[PDB]
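Heads up, final_26.pdb below (PDB, C-alpha atoms):
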```pdb
ATOM      1  CA  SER A   1      17.746  40.873 193.856
ATOM      2  CA  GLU A   2      16.596  44.085 195.570
ATOM      3  CA  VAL A   3      19.402  44.079 198.230
ATOM      4  CA  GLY A   4      22.671  45.932 198.734
ATOM      5  CA  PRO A   5      23.618  48.395 196.016
ATOM      6  CA  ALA A   6      20.218  47.877 194.337
ATOM      7  CA  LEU A   7      18.747  49.866 197.263
ATOM      8  CA  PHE A   8      21.202  52.739 196.488
ATOM      9  CA  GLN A   9      20.115  53.355 192.932
ATOM     10  CA  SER A  10      18.005  56.361 193.870
ATOM     11  CA  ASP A  11      18.399  59.587 195.756
ATOM     12  CA  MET A  12      18.435  59.073 199.509
ATOM     13  CA  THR A  13      18.500  60.776 202.821
ATOM     14  CA  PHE A  14      20.108  60.211 206.188
ATOM     15  CA  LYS A  15      19.446  61.045 209.806
ATOM     16  CA  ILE A  16      21.868  60.885 212.740
ATOM     17  CA  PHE A  17      21.326  60.879 216.531
ATOM     18  CA  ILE A  18      24.528  61.395 218.633
ATOM     19  CA  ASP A  19      24.611  60.896 222.451
ATOM     20  CA  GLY A  20      28.019  61.990 223.625
ATOM     21  CA  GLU A  21      30.199  63.339 226.355
ATOM     22  CA  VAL A  22      33.441  65.211 226.312
ATOM     23  CA  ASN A  23      35.475  65.230 229.527
ATOM     24  CA  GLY A  24      32.303  64.343 231.352
ATOM     25  CA  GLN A  25      30.184  67.134 229.745
ATOM     26  CA  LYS A  26      27.168  65.508 228.065
ATOM     27  CA  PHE A  27      25.973  66.744 224.675
ATOM     28  CA  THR A  28      23.270  65.697 222.246
ATOM     29  CA  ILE A  29      23.350  66.275 218.446
ATOM     30  CA  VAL A  30      20.876  65.529 215.647
ATOM     31  CA  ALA A  31      21.712  65.803 211.980
ATOM     32  CA  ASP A  32      20.027  65.306 208.594
ATOM     33  CA  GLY A  33      21.298  65.114 205.064
ATOM     34  CA  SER A  34      20.915  63.779 201.590
ATOM     35  CA  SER A  35      22.916  61.839 199.060
ATOM     36  CA  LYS A  36      21.957  62.138 195.451
ATOM     37  CA  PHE A  37      22.658  59.287 193.029
ATOM     38  CA  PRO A  38      25.235  58.225 191.814
ATOM     39  CA  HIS A  39      26.534  59.240 195.333
ATOM     40  CA  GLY A  40      30.032  60.306 196.362
ATOM     41  CA  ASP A  41      29.270  64.032 197.225
ATOM     42  CA  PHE A  42      26.765  64.457 200.031
ATOM     43  CA  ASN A  43      25.710  67.117 202.493
ATOM     44  CA  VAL A  44      24.469  67.188 206.091
ATOM     45  CA  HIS A  45      23.255  69.819 208.610
ATOM     46  CA  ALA A  46      23.746  69.256 212.311
ATOM     47  CA  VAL A  47      22.531  70.996 215.492
ATOM     48  CA  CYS A  48      23.474  70.642 219.169
ATOM     49  CA  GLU A  49      20.349  70.213 221.299
ATOM     50  CA  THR A  50      22.101  70.792 224.586
ATOM     51  CA  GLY A  51      23.190  74.353 223.839
ATOM     52  CA  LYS A  52      26.673  75.270 222.797
ATOM     53  CA  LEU A  53      28.797  72.280 221.796
ATOM     54  CA  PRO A  54      31.512  71.983 224.494
ATOM     55  CA  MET A  55      34.295  71.209 221.982
ATOM     56  CA  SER A  56      35.194  72.027 218.350
ATOM     57  CA  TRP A  57      32.743  70.639 215.851
ATOM     58  CA  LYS A  58      35.659  69.544 213.667
ATOM     59  CA  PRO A  59      36.249  66.171 215.388
ATOM     60  CA  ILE A  60      32.448  65.452 215.071
ATOM     61  CA  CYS A  61      32.871  65.458 211.244
ATOM     62  CA  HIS A  62      33.337  61.714 210.933
ATOM     63  CA  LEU A  63      30.349  60.944 213.216
ATOM     64  CA  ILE A  64      27.916  62.873 210.968
ATOM     65  CA  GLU A  65      28.025  57.514 205.889
ATOM     66  CA  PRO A  66      30.286  55.018 204.193
ATOM     67  CA  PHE A  67      27.502  53.739 201.999
ATOM     68  CA  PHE A  68      27.394  57.133 200.189
ATOM     69  CA  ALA A  69      30.964  56.936 198.944
ATOM     70  CA  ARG A  70      31.206  56.341 195.209
ATOM     71  CA  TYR A  71      32.738  52.990 194.317
ATOM     72  CA  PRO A  72      34.120  51.872 190.970
ATOM     73  CA  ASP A  73      33.124  48.599 189.352
ATOM     74  CA  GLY A  74      35.426  45.970 190.527
ATOM     75  CA  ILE A  75      35.523  46.905 194.165
ATOM     76  CA  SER A  76      32.780  45.601 196.431
ATOM     77  CA  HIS A  77      30.850  48.454 198.144
ATOM     78  CA  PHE A  78      30.605  46.618 201.460
ATOM     79  CA  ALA A  79      28.657  49.328 203.220
ATOM     80  CA  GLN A  80      25.936  49.315 200.594
ATOM     81  CA  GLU A  81      25.871  45.557 200.557
ATOM     82  CA  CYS A  82      24.957  45.566 204.219
ATOM     83  CA  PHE A  83      21.445  46.746 203.478
ATOM     84  CA  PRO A  84      18.657  46.206 204.110
ATOM     85  CA  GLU A  85      19.764  44.613 207.419
ATOM     86  CA  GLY A  86      22.234  47.354 208.134
ATOM     87  CA  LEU A  87      25.546  47.557 209.877
ATOM     88  CA  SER A  88      27.292  48.600 213.096
ATOM     89  CA  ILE A  89      30.520  50.598 213.474
ATOM     90  CA  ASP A  90      32.995  50.561 216.308
ATOM     91  CA  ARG A  91      35.557  53.349 215.997
ATOM     92  CA  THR A  92      38.387  54.924 217.879
ATOM     93  CA  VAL A  93      40.011  58.233 216.888
ATOM     94  CA  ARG A  94      43.100  59.115 218.877
ATOM     95  CA  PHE A  95      44.206  62.745 218.634
ATOM     96  CA  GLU A  96      47.947  63.396 218.765
ATOM     97  CA  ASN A  97      48.796  65.170 222.016
ATOM     98  CA  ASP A  98      45.147  65.133 222.894
ATOM     99  CA  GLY A  99      42.119  63.013 223.677
ATOM    100  CA  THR A 100      40.482  59.954 222.220
ATOM    101  CA  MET A 101      37.006  59.560 220.724
ATOM    102  CA  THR A 102      35.424  56.096 220.961
ATOM    103  CA  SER A 103      32.053  55.582 219.239
ATOM    104  CA  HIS A 104      29.558  52.883 218.550
ATOM    105  CA  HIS A 105      27.152  53.359 215.628
ATOM    106  CA  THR A 106      24.155  51.411 214.346
ATOM    107  CA  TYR A 107      22.702  52.043 210.840
ATOM    108  CA  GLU A 108      19.248  50.972 209.635
ATOM    109  CA  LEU A 109      17.276  51.704 206.544
ATOM    110  CA  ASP A 110      13.839  53.147 206.515
ATOM    111  CA  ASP A 111      12.615  53.335 203.011
ATOM    112  CA  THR A 112      15.247  55.666 201.451
ATOM    113  CA  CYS A 113      16.574  57.224 204.762
ATOM    114  CA  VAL A 114      19.587  55.670 206.450
ATOM    115  CA  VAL A 115      19.219  56.324 210.163
ATOM    116  CA  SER A 116      22.200  56.089 212.560
ATOM    117  CA  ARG A 117      22.245  56.048 216.297
ATOM    118  CA  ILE A 118      25.639  56.861 217.802
ATOM    119  CA  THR A 119      27.097  56.964 221.324
ATOM    120  CA  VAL A 120      30.448  58.592 221.737
ATOM    121  CA  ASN A 121      32.862  59.042 224.625
ATOM    122  CA  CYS A 122      35.401  61.789 224.114
ATOM    123  CA  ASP A 123      37.881  61.371 226.990
ATOM    124  CA  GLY A 124      41.151  62.988 227.959
ATOM    125  CA  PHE A 125      40.852  66.069 225.854
ATOM    126  CA  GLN A 126      43.230  68.855 226.689
ATOM    127  CA  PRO A 127      41.503  71.914 228.127
ATOM    128  CA  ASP A 128      44.073  74.249 226.585
ATOM    129  CA  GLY A 129      44.391  72.398 223.369
ATOM    130  CA  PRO A 130      42.776  73.318 220.014
ATOM    131  CA  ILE A 131      39.825  70.912 220.300
ATOM    132  CA  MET A 132      38.541  72.200 223.568
ATOM    133  CA  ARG A 133      39.396  75.833 222.742
ATOM    134  CA  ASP A 134      37.710  75.619 219.276
ATOM    135  CA  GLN A 135      40.826  76.437 217.294
ATOM    136  CA  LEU A 136      40.540  74.061 214.437
ATOM    137  CA  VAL A 137      39.981  75.822 211.142
ATOM    138  CA  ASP A 138      39.930  73.374 208.234
ATOM    139  CA  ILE A 139      39.686  69.621 207.678
ATOM    140  CA  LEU A 140      42.428  68.116 205.597
ATOM    141  CA  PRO A 141      41.777  65.484 202.911
ATOM    142  CA  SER A 142      42.287  61.939 204.003
ATOM    143  CA  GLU A 143      43.088  58.750 202.133
ATOM    144  CA  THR A 144      41.700  55.879 204.304
ATOM    145  CA  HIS A 145      42.757  52.264 203.856
ATOM    146  CA  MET A 146      39.957  49.751 203.744
ATOM    147  CA  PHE A 147      40.477  46.030 204.217
ATOM    148  CA  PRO A 148      38.386  43.002 204.768
ATOM    149  CA  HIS A 149      38.278  41.640 208.245
ATOM    150  CA  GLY A 150      36.912  38.186 208.875
ATOM    151  CA  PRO A 151      33.818  36.921 207.191
ATOM    152  CA  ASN A 152      31.466  39.854 207.614
ATOM    153  CA  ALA A 153      33.367  43.072 208.410
ATOM    154  CA  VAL A 154      35.672  45.627 206.911
ATOM    155  CA  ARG A 155      38.231  47.653 208.780
ATOM    156  CA  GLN A 156      39.842  50.866 207.978
ATOM    157  CA  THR A 157      42.837  52.848 209.158
ATOM    158  CA  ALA A 158      43.632  56.476 208.386
ATOM    159  CA  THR A 159      45.047  59.647 209.703
ATOM    160  CA  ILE A 160      42.550  62.400 210.098
ATOM    161  CA  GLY A 161      43.851  65.947 210.013
ATOM    162  CA  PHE A 162      42.812  69.490 210.994
ATOM    163  CA  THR A 163      44.625  72.815 210.552
ATOM    164  CA  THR A 164      44.797  75.109 213.540
ATOM    165  CA  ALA A 165      44.319  78.784 213.997
ATOM    166  CA  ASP A 166      48.030  79.647 214.314
ATOM    167  CA  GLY A 167      49.116  77.655 211.183
ATOM    168  CA  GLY A 168      49.738  74.168 212.767
ATOM    169  CA  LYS A 169      47.964  70.827 212.397
ATOM    170  CA  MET A 170      46.236  68.435 214.641
ATOM    171  CA  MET A 171      46.343  64.836 213.434
ATOM    172  CA  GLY A 172      44.551  61.782 214.793
ATOM    173  CA  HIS A 173      44.929  58.078 214.226
ATOM    174  CA  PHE A 174      41.564  56.646 212.963
ATOM    175  CA  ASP A 175      40.663  52.961 213.357
ATOM    176  CA  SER A 176      37.140  51.861 212.527
ATOM    177  CA  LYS A 177      35.335  48.575 211.825
ATOM    178  CA  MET A 178      32.027  48.053 209.981
ATOM    179  CA  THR A 179      30.149  44.823 210.741
ATOM    180  CA  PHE A 180      27.197  43.508 208.772
ATOM    181  CA  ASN A 181      24.153  42.956 210.942
ATOM    182  CA  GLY A 182      22.639  40.134 208.892
ATOM    183  CA  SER A 183      23.620  36.485 208.277
ATOM    184  CA  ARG A 184      23.456  36.094 204.535
ATOM    185  CA  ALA A 185      26.605  36.029 202.465
ATOM    186  CA  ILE A 186      27.619  39.404 201.105
ATOM    187  CA  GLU A 187      30.598  40.293 198.989
ATOM    188  CA  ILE A 188      33.726  41.205 200.901
ATOM    189  CA  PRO A 189      36.002  43.748 199.196
ATOM    190  CA  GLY A 190      39.650  43.557 198.426
ATOM    191  CA  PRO A 191      41.924  46.016 200.118
ATOM    192  CA  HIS A 192      41.520  49.499 198.674
ATOM    193  CA  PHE A 193      41.528  53.196 199.487
ATOM    194  CA  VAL A 194      38.820  55.816 199.885
ATOM    195  CA  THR A 195      39.613  59.496 199.364
ATOM    196  CA  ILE A 196      37.576  61.635 201.801
ATOM    197  CA  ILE A 197      37.353  65.403 201.340
ATOM    198  CA  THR A 198      35.351  67.232 204.006
ATOM    199  CA  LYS A 199      34.237  70.831 204.362
ATOM    200  CA  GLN A 200      32.529  71.970 207.526
ATOM    201  CA  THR A 201      31.253  75.478 208.149
ATOM    202  CA  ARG A 202      29.334  77.257 210.826
ATOM    203  CA  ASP A 203      25.696  78.032 210.042
ATOM    204  CA  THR A 204      25.317  81.570 211.496
ATOM    205  CA  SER A 205      21.575  81.712 211.024
ATOM    206  CA  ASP A 206      19.355  82.180 214.072
ATOM    207  CA  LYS A 207      20.726  81.503 217.635
ATOM    208  CA  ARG A 208      21.314  77.786 217.987
ATOM    209  CA  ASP A 209      24.691  76.015 217.542
ATOM    210  CA  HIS A 210      24.640  74.398 214.088
ATOM    211  CA  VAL A 211      26.900  73.513 211.223
ATOM    212  CA  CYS A 212      26.765  72.393 207.601
ATOM    213  CA  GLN A 213      29.115  69.796 206.155
ATOM    214  CA  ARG A 214      29.864  68.301 202.806
ATOM    215  CA  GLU A 215      31.842  65.214 202.026
ATOM    216  CA  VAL A 216      33.296  64.010 198.739
ATOM    217  CA  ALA A 217      34.235  60.336 199.081
ATOM    218  CA  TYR A 218      35.400  57.894 196.405
ATOM    219  CA  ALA A 219      37.143  54.521 196.334
ATOM    220  CA  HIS A 220      40.049  53.360 194.251
ATOM    221  CA  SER A 221      42.470  50.419 194.190
ATOM    222  CA  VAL A 222      45.840  52.117 194.405
ATOM    223  CA  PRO A 223      46.853  54.958 196.797
ATOM    224  CA  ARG A 224      47.266  58.447 195.436
ATOM    225  CA  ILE A 225      49.034  59.946 198.560
TER
END
```

What do you get writing this file as structure tokens?
Amino acid sequence: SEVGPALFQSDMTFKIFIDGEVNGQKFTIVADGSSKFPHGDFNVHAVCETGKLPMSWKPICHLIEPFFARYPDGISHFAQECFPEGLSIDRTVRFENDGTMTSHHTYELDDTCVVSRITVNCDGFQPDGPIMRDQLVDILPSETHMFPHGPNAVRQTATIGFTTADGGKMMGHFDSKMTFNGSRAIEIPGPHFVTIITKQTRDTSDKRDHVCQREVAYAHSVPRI
């Protein structure tokens, strides 16, 4: 039937609303992108409505689409299977020697546009560290570990990584859970890995604070790192 991956057989779009704060400084972001079939290599553009973003955009990368990873046959694409009802995410990213980002996401489908609403609290960030001083340069590739969790959720663990301006790295520990919002039975995956390659750049057009980002994301059974 017309559920789950059947709703991902065409080109699609996505839209993201983020309500956040960092060290008590409120910010608001909106973002829009597309994912062309067969998925796995998708782009987004994001803008801060509140003015200048008060922290690096790099740690926002994972807030601005698991359902647009490319999955092989043989591994359940849980995130796609969650549609049309959608899914919620609860996620904590803990930056080494720095602060912690805790987010709650909801995802719904409208026609071919997956819309997410996200709240995020970014607490304990170091004022002289490379997040608050905007010193993160590149986003490293990550191999995340996905595993089923209970009857209707999948968890993942990873380390997320950023290079810094003077040749160092900033790593965070990433824990996230996706929960199906419906009640019908959907296929839970076996444990597996997803390779995530991210490239974020500043958009220097005009005056406003905006970025472009691309993500290549693909699943596989055995780790490559």

Near-residue 128 (chain A) list (12 Å; only C-alpha atoms; drop same-chain fewer than 4 positions) as an MDAnalysis selection string: chainID A and resid 55 97:99 124 132:135

Produce a table with one row for each residue of region 62-110 of chain A that has an atom at most 9 Å from any atom of region 171-193 of chain A, each row naming the nearest atom pair and its distance in Å at one decimal; use all atoms listed in the file; arrange rows by chain and rising residue number; format as CSV.
```
residue,atom,partner,partner_atom,distance
A:74,CA,A:189,CA,9.0
A:75,CA,A:189,CA,6.0
A:76,CA,A:189,CA,4.6
A:77,CA,A:189,CA,7.1
A:78,CA,A:188,CA,6.3
A:79,CA,A:178,CA,7.7
A:81,CA,A:186,CA,6.4
A:82,CA,A:180,CA,5.5
A:83,CA,A:180,CA,8.5
A:84,CA,A:182,CA,8.7
A:85,CA,A:182,CA,5.5
A:86,CA,A:181,CA,5.6
A:87,CA,A:180,CA,4.5
A:88,CA,A:179,CA,5.3
A:89,CA,A:178,CA,4.6
A:90,CA,A:177,CA,5.4
A:91,CA,A:176,CA,4.1
A:92,CA,A:175,CA,5.4
A:93,CA,A:174,CA,4.5
A:94,CA,A:172,CA,5.1
A:95,CA,A:172,CA,4.0
A:96,CA,A:172,CA,5.5
A:97,CA,A:171,CA,8.9
A:98,CA,A:172,CA,8.8
A:100,CA,A:172,CA,8.7
```

Spatial neighbours of residue 72 (chain A), max dist 12 Å, all atoms listed in the file, sep filter under 6 positions, as a ChimeraX atom specification: /A:38-40,189,192-194,217-221

Got a sec to check which residues sit within 12 Å of (28.2, 59.7, 222.7), counting all atoms listed in the file, and write them as an mmCIF file with C-alpha atoms, keeping the file's coordinate frame?
```
data_model
loop_
_atom_site.group_PDB
_atom_site.id
_atom_site.type_symbol
_atom_site.label_atom_id
_atom_site.label_comp_id
_atom_site.auth_asym_id
_atom_site.auth_seq_id
_atom_site.Cartn_x
_atom_site.Cartn_y
_atom_site.Cartn_z
ATOM 1 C CA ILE A 16 21.868 60.885 212.740
ATOM 2 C CA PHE A 17 21.326 60.879 216.531
ATOM 3 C CA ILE A 18 24.528 61.395 218.633
ATOM 4 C CA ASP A 19 24.611 60.896 222.451
ATOM 5 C CA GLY A 20 28.019 61.990 223.625
ATOM 6 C CA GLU A 21 30.199 63.339 226.355
ATOM 7 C CA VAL A 22 33.441 65.211 226.312
ATOM 8 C CA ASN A 23 35.475 65.230 229.527
ATOM 9 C CA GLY A 24 32.303 64.343 231.352
ATOM 10 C CA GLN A 25 30.184 67.134 229.745
ATOM 11 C CA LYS A 26 27.168 65.508 228.065
ATOM 12 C CA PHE A 27 25.973 66.744 224.675
ATOM 13 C CA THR A 28 23.270 65.697 222.246
ATOM 14 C CA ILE A 29 23.350 66.275 218.446
ATOM 15 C CA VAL A 30 20.876 65.529 215.647
ATOM 16 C CA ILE A 60 32.448 65.452 215.071
ATOM 17 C CA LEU A 63 30.349 60.944 213.216
ATOM 18 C CA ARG A 91 35.557 53.349 215.997
ATOM 19 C CA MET A 101 37.006 59.560 220.724
ATOM 20 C CA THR A 102 35.424 56.096 220.961
ATOM 21 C CA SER A 103 32.053 55.582 219.239
ATOM 22 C CA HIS A 104 29.558 52.883 218.550
ATOM 23 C CA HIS A 105 27.152 53.359 215.628
ATOM 24 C CA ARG A 117 22.245 56.048 216.297
ATOM 25 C CA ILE A 118 25.639 56.861 217.802
ATOM 26 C CA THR A 119 27.097 56.964 221.324
ATOM 27 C CA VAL A 120 30.448 58.592 221.737
ATOM 28 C CA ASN A 121 32.862 59.042 224.625
ATOM 29 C CA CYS A 122 35.401 61.789 224.114
ATOM 30 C CA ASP A 123 37.881 61.371 226.990
#
```

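Each of A:131, A:205, A:68, A:33 was checked against residue 169 (chain A) using all atoms listed in the file; the smallest atom-to-atom distance is that of A:131.
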
From A:115, A:61, A:109, A:196, residue lying nearest residue 216 (chain A) [only C-alpha atoms]: A:196

Selection result for the PyMOL selection byres ((chain A and resi 5) around 6) on this file, as number ranges by chain: A: 4, 6-8, 80-81

Atoms kept (C-alpha atoms) for selection, written as an mmCIF file, keeping the file's coordinate frame:
```
data_model
loop_
_atom_site.group_PDB
_atom_site.id
_atom_site.type_symbol
_atom_site.label_atom_id
_atom_site.label_comp_id
_atom_site.auth_asym_id
_atom_site.auth_seq_id
_atom_site.Cartn_x
_atom_site.Cartn_y
_atom_site.Cartn_z
ATOM 1 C CA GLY A 4 22.671 45.932 198.734
ATOM 2 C CA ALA A 6 20.218 47.877 194.337
ATOM 3 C CA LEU A 7 18.747 49.866 197.263
ATOM 4 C CA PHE A 8 21.202 52.739 196.488
ATOM 5 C CA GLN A 80 25.936 49.315 200.594
ATOM 6 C CA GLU A 81 25.871 45.557 200.557
#
```

Spatial neighbours of residue 113 (chain A), 8 Å, only C-alpha atoms, chain gap at least 3 places, as a list in words: residues 12, 13, 14, 15, 109 and 110 of chain A

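Considering only C-alpha atoms, the residue among A:53, A:222, A:31, A:3 positioned nearest to residue 209 (chain A) is A:53.
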
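Near residue 138 (chain A), within 9 Å and counting only C-alpha atoms, sit residues 58, 161, 162, 163, 164, 198, 199, 200 and 201 of chain A; same-chain residues fewer than 3 positions away were not included.
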
Neighbour residues at most 10 Å from (48.2, 63.2, 200.1) (all atoms listed in the file) as a VMD selection string: chain A and resid 140 to 143 195 223 to 225

Point-to-point distance in Å for CA of residue 56 (chain A) and CA of residue 210 (chain A): 11.6 Å

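Remark: for residue 43 (chain A), the closest of the candidate residues A:59, A:165, A:65, A:155 is A:65 (distances computed over only C-alpha atoms).
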
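CA of residue 36 (chain A) is positioned 21.9 Å from CA of residue 203 (chain A).
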